[PDB]
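Here's target.cif, which has mmCIF, C-alpha atoms and all ligand atoms:
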```
data_input
#
loop_
_atom_site.label_atom_id
_atom_site.label_comp_id
_atom_site.auth_asym_id
_atom_site.auth_seq_id
_atom_site.Cartn_x
_atom_site.Cartn_y
_atom_site.Cartn_z
CA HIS U 3 132.79 172.19 -107.26
CA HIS U 4 131.88 168.62 -106.26
CA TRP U 5 130.81 165.23 -107.63
CA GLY U 6 129.29 164.66 -111.04
CA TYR U 7 129.52 162.44 -114.10
CA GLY U 8 132.24 164.25 -116.01
CA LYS U 9 135.80 163.11 -116.73
CA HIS U 10 137.26 164.88 -113.69
CA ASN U 11 134.46 164.40 -111.14
CA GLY U 12 132.83 161.22 -112.38
CA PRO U 13 132.16 157.87 -110.62
CA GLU U 14 135.83 156.83 -110.73
CA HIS U 15 136.64 159.86 -108.54
CA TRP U 16 133.83 159.54 -105.96
CA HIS U 17 135.83 157.27 -103.64
CA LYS U 18 138.17 160.14 -102.69
CA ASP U 19 135.32 162.06 -101.01
CA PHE U 20 133.16 159.02 -100.18
CA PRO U 21 135.36 156.03 -99.18
CA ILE U 22 132.28 153.79 -99.01
CA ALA U 23 132.35 153.86 -102.82
CA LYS U 24 134.61 150.80 -102.58
CA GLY U 25 132.30 149.15 -100.05
CA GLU U 26 131.02 145.60 -99.67
CA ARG U 27 127.44 146.21 -100.85
CA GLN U 28 127.64 148.89 -103.52
CA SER U 29 125.16 149.34 -106.37
CA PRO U 30 124.36 149.03 -109.22
CA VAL U 31 125.44 145.52 -110.21
CA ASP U 32 125.05 143.30 -113.26
CA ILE U 33 122.21 140.81 -112.86
CA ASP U 34 123.32 137.38 -114.12
CA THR U 35 119.96 135.73 -114.81
CA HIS U 36 121.48 132.25 -114.67
CA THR U 37 123.16 132.71 -111.30
CA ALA U 38 120.19 134.42 -109.64
CA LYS U 39 118.35 132.08 -107.29
CA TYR U 40 114.58 131.64 -107.43
CA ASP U 41 113.38 131.97 -103.85
CA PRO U 42 109.91 130.41 -103.29
CA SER U 43 109.58 132.22 -99.95
CA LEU U 44 109.55 135.63 -101.66
CA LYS U 45 106.12 137.25 -101.41
CA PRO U 46 104.43 139.24 -104.18
CA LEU U 47 105.16 142.97 -104.12
CA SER U 48 102.42 145.18 -102.71
CA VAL U 49 102.31 148.63 -104.30
CA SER U 50 99.71 151.00 -102.85
CA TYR U 51 99.96 154.33 -104.65
CA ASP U 52 96.24 155.15 -104.88
CA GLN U 53 96.59 158.11 -102.50
CA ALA U 54 99.95 159.43 -103.75
CA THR U 55 100.44 163.18 -103.49
CA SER U 56 103.18 164.62 -105.70
CA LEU U 57 104.47 168.06 -104.72
CA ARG U 58 107.24 169.40 -106.95
CA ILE U 59 109.71 168.51 -109.68
CA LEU U 60 113.30 169.68 -109.33
CA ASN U 61 116.59 169.76 -111.24
CA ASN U 62 119.31 169.18 -108.64
CA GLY U 63 122.15 169.25 -111.14
CA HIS U 64 122.50 165.46 -111.20
CA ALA U 65 119.03 164.46 -112.40
CA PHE U 66 115.46 165.68 -111.98
CA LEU U 67 113.41 164.56 -109.00
CA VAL U 68 109.65 164.35 -108.43
CA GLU U 69 109.00 164.78 -104.72
CA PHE U 70 106.03 163.35 -102.82
CA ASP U 71 104.35 164.14 -99.51
CA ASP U 72 105.67 161.47 -97.16
CA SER U 73 104.11 162.78 -93.94
CA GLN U 74 101.62 159.89 -93.93
CA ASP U 75 101.21 156.41 -95.43
CA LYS U 76 99.74 157.73 -98.70
CA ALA U 77 101.96 155.90 -101.20
CA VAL U 78 103.64 152.80 -99.80
CA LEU U 79 105.49 149.67 -100.80
CA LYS U 80 105.09 146.44 -98.80
CA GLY U 81 105.57 142.71 -99.28
CA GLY U 82 108.27 141.19 -101.42
CA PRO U 83 111.49 140.76 -99.38
CA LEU U 84 110.52 143.66 -97.11
CA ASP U 85 109.52 143.67 -93.46
CA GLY U 86 107.30 146.63 -92.68
CA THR U 87 105.98 149.59 -94.62
CA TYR U 88 108.10 151.81 -96.85
CA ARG U 89 106.90 155.30 -97.88
CA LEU U 90 107.57 156.78 -101.32
CA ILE U 91 109.51 160.05 -101.06
CA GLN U 92 110.73 160.68 -104.63
CA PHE U 93 111.49 159.14 -108.01
CA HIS U 94 114.08 160.07 -110.62
CA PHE U 95 115.75 158.61 -113.70
CA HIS U 96 119.22 157.94 -115.04
CA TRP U 97 119.68 158.02 -118.80
CA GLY U 98 122.30 158.05 -121.52
CA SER U 99 123.50 160.10 -124.47
CA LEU U 100 122.43 157.28 -126.80
CA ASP U 101 119.66 154.64 -126.66
CA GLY U 102 122.25 151.91 -126.06
CA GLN U 103 123.24 153.11 -122.60
CA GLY U 104 121.74 154.83 -119.59
CA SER U 105 120.61 152.19 -117.11
CA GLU U 106 122.62 151.58 -113.95
CA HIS U 107 121.76 147.94 -113.41
CA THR U 108 122.35 145.66 -116.36
CA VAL U 109 120.84 142.26 -117.14
CA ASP U 110 123.34 139.72 -118.42
CA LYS U 111 125.46 142.74 -119.36
CA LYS U 112 122.60 144.27 -121.33
CA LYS U 113 122.23 148.03 -120.89
CA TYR U 114 118.89 149.82 -121.21
CA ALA U 115 118.19 153.38 -122.38
CA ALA U 116 117.27 154.58 -118.89
CA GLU U 117 116.37 153.43 -115.40
CA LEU U 118 113.62 154.73 -113.14
CA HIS U 119 114.16 154.71 -109.38
CA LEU U 120 111.24 155.03 -106.96
CA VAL U 121 112.76 155.68 -103.53
CA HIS U 122 110.96 154.56 -100.35
CA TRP U 123 112.00 154.71 -96.69
CA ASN U 124 111.16 152.40 -93.76
CA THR U 125 108.56 154.11 -91.56
CA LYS U 127 109.90 152.47 -88.40
CA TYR U 128 112.79 154.94 -88.62
CA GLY U 129 110.51 157.97 -88.61
CA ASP U 130 112.15 160.00 -91.36
CA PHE U 131 114.32 159.66 -94.46
CA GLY U 132 117.43 161.04 -92.74
CA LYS U 133 117.38 158.39 -90.03
CA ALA U 134 116.46 155.63 -92.47
CA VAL U 135 119.58 156.07 -94.62
CA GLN U 136 121.72 155.20 -91.61
CA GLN U 137 120.15 151.73 -91.29
CA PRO U 138 120.90 148.56 -93.32
CA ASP U 139 117.17 148.09 -94.01
CA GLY U 140 116.31 151.77 -94.18
CA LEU U 141 115.51 152.22 -97.87
CA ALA U 142 113.71 150.19 -100.53
CA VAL U 143 114.25 151.31 -104.12
CA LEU U 144 112.09 149.99 -106.96
CA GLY U 145 114.09 149.95 -110.18
CA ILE U 146 112.39 149.96 -113.57
CA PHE U 147 114.16 149.67 -116.93
CA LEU U 148 113.19 151.80 -119.93
CA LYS U 149 113.62 150.74 -123.54
CA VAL U 150 112.98 152.89 -126.61
CA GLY U 151 109.87 151.89 -128.53
CA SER U 152 106.22 152.88 -128.10
CA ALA U 153 105.40 156.07 -126.21
CA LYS U 154 104.42 155.78 -122.54
CA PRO U 155 101.28 157.93 -122.08
CA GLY U 156 101.68 158.17 -118.31
CA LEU U 157 105.13 159.72 -118.67
CA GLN U 158 104.10 162.61 -120.93
CA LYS U 159 103.10 164.95 -118.07
CA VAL U 160 106.68 164.67 -116.82
CA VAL U 161 108.32 165.29 -120.18
CA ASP U 162 106.18 168.36 -120.90
CA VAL U 163 107.33 170.27 -117.80
CA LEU U 164 111.05 169.59 -118.21
CA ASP U 165 111.29 172.83 -120.21
CA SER U 166 110.56 174.71 -116.97
CA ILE U 167 113.41 173.14 -114.96
CA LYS U 168 116.15 173.11 -117.59
CA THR U 169 118.97 174.26 -115.30
CA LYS U 170 120.40 173.28 -111.92
CA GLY U 171 118.40 174.75 -109.05
CA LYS U 172 115.11 175.19 -110.90
CA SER U 173 111.96 173.71 -109.40
CA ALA U 174 108.30 173.80 -110.35
CA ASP U 175 104.98 172.78 -108.85
CA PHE U 176 104.02 169.29 -109.95
CA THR U 177 100.78 168.13 -108.40
CA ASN U 178 98.36 165.32 -109.11
CA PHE U 179 100.84 163.03 -110.84
CA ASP U 180 99.96 159.34 -110.59
CA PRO U 181 103.09 157.19 -110.32
CA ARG U 182 101.04 154.08 -111.19
CA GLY U 183 101.28 155.09 -114.83
CA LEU U 184 104.99 154.30 -114.78
CA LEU U 185 104.70 150.65 -113.74
CA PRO U 186 104.99 147.69 -116.13
CA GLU U 187 102.34 144.98 -116.41
CA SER U 188 104.18 142.39 -114.32
CA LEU U 189 105.75 142.87 -110.90
CA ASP U 190 108.20 139.94 -111.10
CA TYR U 191 111.54 141.03 -109.68
CA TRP U 192 115.07 140.36 -108.57
CA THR U 193 116.27 141.65 -105.23
CA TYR U 194 119.61 142.07 -103.49
CA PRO U 195 121.10 144.18 -100.67
CA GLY U 196 122.82 147.29 -101.98
CA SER U 197 123.44 151.03 -101.72
CA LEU U 198 122.45 154.42 -103.11
CA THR U 199 124.03 154.84 -106.54
CA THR U 200 124.81 158.51 -105.92
CA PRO U 201 126.84 160.06 -103.10
CA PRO U 202 126.88 159.60 -100.34
CA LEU U 203 126.48 155.99 -101.52
CA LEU U 204 125.16 154.71 -98.18
CA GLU U 205 124.63 150.94 -97.99
CA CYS U 206 121.05 151.17 -96.72
CA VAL U 207 119.12 149.96 -99.77
CA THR U 208 117.16 146.78 -100.38
CA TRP U 209 116.97 146.75 -104.16
CA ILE U 210 113.90 145.55 -106.06
CA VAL U 211 114.52 145.50 -109.80
CA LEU U 212 111.57 144.58 -112.03
CA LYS U 213 112.15 142.10 -114.83
CA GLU U 214 109.78 143.76 -117.30
CA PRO U 215 110.93 147.08 -118.74
CA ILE U 216 108.52 149.79 -119.84
CA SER U 217 108.71 151.35 -123.30
CA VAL U 218 109.10 155.07 -123.99
CA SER U 219 109.36 156.84 -127.34
CA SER U 220 112.53 158.29 -128.80
CA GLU U 221 110.82 161.68 -128.60
CA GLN U 222 110.21 161.25 -124.87
CA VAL U 223 113.77 160.23 -124.00
CA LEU U 224 115.08 162.97 -126.27
CA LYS U 225 113.52 165.54 -123.95
CA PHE U 226 115.45 164.11 -120.97
CA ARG U 227 118.65 164.83 -122.90
CA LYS U 228 117.89 168.54 -123.25
CA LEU U 229 118.25 169.22 -119.52
CA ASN U 230 121.43 170.89 -118.21
CA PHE U 231 123.87 169.87 -115.46
CA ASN U 232 124.88 173.52 -115.11
CA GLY U 233 123.00 176.38 -113.53
CA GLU U 234 121.52 179.24 -115.54
CA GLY U 235 124.10 181.69 -116.84
CA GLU U 236 127.10 179.40 -117.25
CA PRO U 237 128.65 177.02 -119.83
CA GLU U 238 125.95 174.68 -121.11
CA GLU U 239 126.52 171.00 -120.34
CA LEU U 240 123.75 168.64 -121.39
CA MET U 241 122.51 166.30 -118.66
CA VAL U 242 123.32 162.90 -120.16
CA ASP U 243 124.95 159.68 -118.99
CA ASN U 244 124.17 160.35 -115.34
CA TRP U 245 124.64 156.68 -114.50
CA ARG U 246 127.14 154.82 -112.35
CA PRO U 247 128.70 151.67 -113.84
CA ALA U 248 128.14 148.19 -112.38
CA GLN U 249 130.06 147.46 -109.18
CA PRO U 250 131.49 144.17 -107.79
CA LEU U 251 128.81 141.82 -106.46
CA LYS U 252 131.29 140.36 -103.96
CA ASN U 253 129.67 138.41 -101.12
CA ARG U 254 126.06 138.80 -102.26
CA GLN U 255 123.43 136.69 -103.96
CA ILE U 256 120.63 137.98 -106.18
CA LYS U 257 117.22 136.38 -105.57
CA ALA U 258 114.40 136.15 -108.12
CA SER U 259 110.66 136.10 -107.41
CA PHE U 260 110.09 134.04 -110.56
CA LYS U 261 111.15 130.71 -112.04
ZN ZN U 301 118.81 156.57 -108.92
#
```

Step by step, read the file and then write its structure as structure tokens.
Ligand SMILES: [Zn+2]
Amino acid sequence: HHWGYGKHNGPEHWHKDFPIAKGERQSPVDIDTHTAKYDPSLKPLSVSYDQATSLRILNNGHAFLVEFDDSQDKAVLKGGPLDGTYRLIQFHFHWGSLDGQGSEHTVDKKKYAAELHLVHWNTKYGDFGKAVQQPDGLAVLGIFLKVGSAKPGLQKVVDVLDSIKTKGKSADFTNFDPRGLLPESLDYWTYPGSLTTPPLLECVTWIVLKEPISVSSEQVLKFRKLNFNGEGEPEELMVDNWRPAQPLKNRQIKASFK
């Protein structure tokens, strides 16, 4: 018994256990493309994933995560609005029950079928646990997914989902190249925010790419066959595991492009 995305434990209930849910820099938010400010001082993003080492893929009952070895600077994110090096620790998705919903961030109110989050932590803080307690501890790269052509680089992930159908299941997942999930362009918006799942800490510096990647209906369909529940109990399909847009309040979204 805890938090989830159902009617009685969904996002609207999270604030009771995690007061920060009504905080000043909560995520996701709607990106108003006409209010975003182009900032010439923003540097190009630097993604160095050539030595990435994936370890496992896990169903934690809220989504499925693909965990990486973050004991060294093997897969890092630098540049952009960041100061220092951020190490990739895991990536996961949020998706919907239908192609018209699923993303957490929205663009001019437009919702995408899913959203990919690549989570990185600031190496100055040693470890993930310490990083989440700092305002500049995390840097999450957000990528939108739209239904269309199949994404070859995502197929290895969809084919193993059958092995981690229920909450608690994990499987070995080595030699996966996260570079296959990136779009052509690295243009982005960025704003200070939080983790979109409890405990909703406001330690994120969000970097949302403008260009979405396309995945096939067959690929996204497989995401929808996962279960929120553990093996041996009422089957609840894992769908609509997204938090709705939160108030922007005293924050401005910057764009790396004109
Ligand atoms: Zn996420």

- How would you write, as an NGL selection string, the set of residues no farther than 12 Å from ligand ZN 301 (chain U) when counting all atoms listed in the file? :U and (29-30 or 64-67 or 92-97 or 104-107 or 116-122 or 142-147 or 197-201 or 203 or 207 or 209 or 211 or 244-246)

- Can you tell me, as number ranges by chain, what residues are no more than 7 Å from residue 108 (chain U) when counting only C-alpha atoms, ignoring any on the same chain fewer than 6 positions away? U: 31-33

- Pairwise distance, CA of residue 213 (chain U) with CA of residue 254 (chain U), equals 19.0 Å

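Shortest atom-to-atom contact with residue 74 (chain U) among U:37, U:61, U:125, U:28: U:125, counting all atoms listed in the file.
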
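The interatomic distance for the pair CA of residue 238 (chain U) and CA of residue 57 (chain U) works out to 27.8 Å.
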
- Message: If I take CA of residue 251 (chain U) and CA of residue 13 (chain U), how far is one from the other in Å, to one decimal?
- Response: 16.9 Å

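Within the 8 Å cut-off around residue 225 (chain U), using only C-alpha atoms and omitting residues fewer than 4 positions from it on the same chain, the listed residues are residues 161, 164, 221 and 229 of chain U.
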
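Contact shell of residue 41 (chain U) at 10 Å (all atoms listed in the file; same-chain neighbours under 3 positions omitted): residues 38, 44, 45, 192, 256, 257, 258, 259, 260 and 261 of chain U.
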
- Message: Nearest residue to residue 27 (chain U) out of U:236, U:59, U:212, U:138, using all atoms listed in the file?
- Response: U:138

Could the centre and edge lengths of an axis-aligned box, enclosing all atoms of region 69-76 of chain U in the file with 3 Å extra on each side, be given in Å to one decimal as lines of an AutoDock Vina configuration file?
```
center_x = 104.4
center_y = 160.6
center_z = -99.3
size_x = 15.3
size_y = 14.4
size_z = 16.8
```

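If all atoms listed in the file are the atoms counted, then among U:156, U:83, U:63, U:25 the closest residue to residue 171 (chain U) is U:63.
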
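Minimum atom-to-atom distances from U:149, U:112, U:160, U:234 to residue 174 (chain U) were compared using all atoms listed in the file, and the lowest value belongs to U:160.
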
Complete region 215-249 of chain U at the level of N, CA and C atoms, written as an mmCIF file, keeping the file's coordinate frame.
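Below is the file that was written, rebuild-v3.cif:
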```cif
data_model
loop_
_atom_site.group_PDB
_atom_site.id
_atom_site.type_symbol
_atom_site.label_atom_id
_atom_site.label_comp_id
_atom_site.auth_asym_id
_atom_site.auth_seq_id
_atom_site.Cartn_x
_atom_site.Cartn_y
_atom_site.Cartn_z
ATOM 1 N N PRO U 215 110.672 145.652 -118.562
ATOM 2 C CA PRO U 215 110.930 147.080 -118.740
ATOM 3 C C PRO U 215 109.692 147.740 -119.320
ATOM 4 N N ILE U 216 109.642 149.065 -119.257
ATOM 5 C CA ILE U 216 108.520 149.790 -119.840
ATOM 6 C C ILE U 216 109.096 150.443 -121.091
ATOM 7 N N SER U 217 108.247 150.719 -122.069
ATOM 8 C CA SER U 217 108.710 151.350 -123.300
ATOM 9 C C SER U 217 108.372 152.831 -123.333
ATOM 10 N N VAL U 218 109.300 153.633 -123.848
ATOM 11 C CA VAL U 218 109.100 155.070 -123.990
ATOM 12 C C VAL U 218 109.524 155.393 -125.412
ATOM 13 N N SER U 219 109.011 156.484 -125.964
ATOM 14 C CA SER U 219 109.360 156.840 -127.340
ATOM 15 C C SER U 219 110.677 157.590 -127.424
ATOM 16 N N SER U 220 111.282 157.576 -128.605
ATOM 17 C CA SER U 220 112.530 158.290 -128.800
ATOM 18 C C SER U 220 112.311 159.764 -128.494
ATOM 19 N N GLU U 221 111.131 160.274 -128.846
ATOM 20 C CA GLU U 221 110.820 161.680 -128.600
ATOM 21 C C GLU U 221 110.777 161.987 -127.109
ATOM 22 N N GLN U 222 110.285 161.044 -126.310
ATOM 23 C CA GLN U 222 110.210 161.250 -124.870
ATOM 24 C C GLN U 222 111.598 161.271 -124.231
ATOM 25 N N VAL U 223 112.428 160.288 -124.568
ATOM 26 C CA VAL U 223 113.770 160.230 -124.000
ATOM 27 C C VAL U 223 114.619 161.399 -124.499
ATOM 28 N N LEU U 224 114.345 161.852 -125.719
ATOM 29 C CA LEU U 224 115.080 162.970 -126.270
ATOM 30 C C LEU U 224 114.940 164.193 -125.373
ATOM 31 N N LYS U 225 113.747 164.393 -124.820
ATOM 32 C CA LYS U 225 113.520 165.540 -123.950
ATOM 33 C C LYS U 225 114.349 165.481 -122.661
ATOM 34 N N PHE U 226 114.623 164.277 -122.164
ATOM 35 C CA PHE U 226 115.450 164.110 -120.970
ATOM 36 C C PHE U 226 116.833 164.692 -121.263
ATOM 37 N N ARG U 227 117.321 164.397 -122.463
ATOM 38 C CA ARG U 227 118.650 164.830 -122.900
ATOM 39 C C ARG U 227 118.830 166.322 -123.149
ATOM 40 N N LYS U 228 117.766 167.107 -123.019
ATOM 41 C CA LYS U 228 117.890 168.540 -123.250
ATOM 42 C C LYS U 228 118.104 169.317 -121.950
ATOM 43 N N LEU U 229 118.041 168.606 -120.830
ATOM 44 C CA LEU U 229 118.250 169.220 -119.520
ATOM 45 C C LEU U 229 119.732 169.587 -119.380
ATOM 46 N N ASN U 230 120.045 170.461 -118.428
ATOM 47 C CA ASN U 230 121.430 170.890 -118.210
ATOM 48 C C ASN U 230 121.950 170.543 -116.819
ATOM 49 N N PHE U 231 123.229 170.173 -116.738
ATOM 50 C CA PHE U 231 123.870 169.870 -115.460
ATOM 51 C C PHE U 231 124.149 171.204 -114.772
ATOM 52 N N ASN U 232 124.532 172.185 -115.583
ATOM 53 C CA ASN U 232 124.880 173.520 -115.110
ATOM 54 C C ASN U 232 123.707 174.378 -114.684
ATOM 55 N N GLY U 233 124.020 175.451 -113.969
ATOM 56 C CA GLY U 233 123.000 176.380 -113.530
ATOM 57 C C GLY U 233 122.845 177.425 -114.615
ATOM 58 N N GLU U 234 121.768 178.194 -114.552
ATOM 59 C CA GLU U 234 121.520 179.240 -115.540
ATOM 60 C C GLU U 234 122.627 180.292 -115.543
ATOM 61 N N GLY U 235 123.069 180.680 -116.734
ATOM 62 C CA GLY U 235 124.100 181.690 -116.840
ATOM 63 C C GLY U 235 125.538 181.207 -116.893
ATOM 64 N N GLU U 236 125.744 179.924 -117.164
ATOM 65 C CA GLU U 236 127.100 179.400 -117.250
ATOM 66 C C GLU U 236 127.211 178.365 -118.373
ATOM 67 N N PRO U 237 128.446 177.997 -118.765
ATOM 68 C CA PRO U 237 128.650 177.020 -119.830
ATOM 69 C C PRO U 237 127.604 175.909 -119.833
ATOM 70 N N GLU U 238 126.982 175.693 -120.986
ATOM 71 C CA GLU U 238 125.950 174.680 -121.110
ATOM 72 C C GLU U 238 126.501 173.267 -121.267
ATOM 73 N N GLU U 239 126.117 172.403 -120.336
ATOM 74 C CA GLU U 239 126.520 171.000 -120.340
ATOM 75 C C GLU U 239 125.222 170.209 -120.319
ATOM 76 N N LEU U 240 124.973 169.420 -121.355
ATOM 77 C CA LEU U 240 123.750 168.640 -121.390
ATOM 78 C C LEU U 240 123.778 167.552 -120.320
ATOM 79 N N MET U 241 122.629 167.324 -119.695
ATOM 80 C CA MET U 241 122.510 166.300 -118.660
ATOM 81 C C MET U 241 122.289 164.944 -119.331
ATOM 82 N N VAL U 242 123.381 164.222 -119.554
ATOM 83 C CA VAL U 242 123.320 162.900 -120.160
ATOM 84 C C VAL U 242 124.329 161.981 -119.489
ATOM 85 N N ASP U 243 124.081 160.681 -119.592
ATOM 86 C CA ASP U 243 124.950 159.680 -118.990
ATOM 87 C C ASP U 243 125.179 159.928 -117.506
ATOM 88 N N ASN U 244 124.085 160.128 -116.778
ATOM 89 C CA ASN U 244 124.170 160.350 -115.340
ATOM 90 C C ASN U 244 123.940 159.016 -114.633
ATOM 91 N N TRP U 245 124.710 158.021 -115.062
ATOM 92 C CA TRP U 245 124.640 156.680 -114.500
ATOM 93 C C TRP U 245 125.988 156.194 -113.998
ATOM 94 N N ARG U 246 125.940 155.396 -112.939
ATOM 95 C CA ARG U 246 127.140 154.820 -112.350
ATOM 96 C C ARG U 246 127.281 153.409 -112.918
ATOM 97 N N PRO U 247 128.505 153.013 -113.290
ATOM 98 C CA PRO U 247 128.700 151.670 -113.840
ATOM 99 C C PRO U 247 128.530 150.566 -112.786
ATOM 100 N N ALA U 248 128.313 149.344 -113.260
ATOM 101 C CA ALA U 248 128.140 148.190 -112.380
ATOM 102 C C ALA U 248 129.330 148.018 -111.448
ATOM 103 N N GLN U 249 129.040 147.661 -110.203
ATOM 104 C CA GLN U 249 130.060 147.460 -109.180
ATOM 105 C C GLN U 249 130.168 145.977 -108.857
#
```
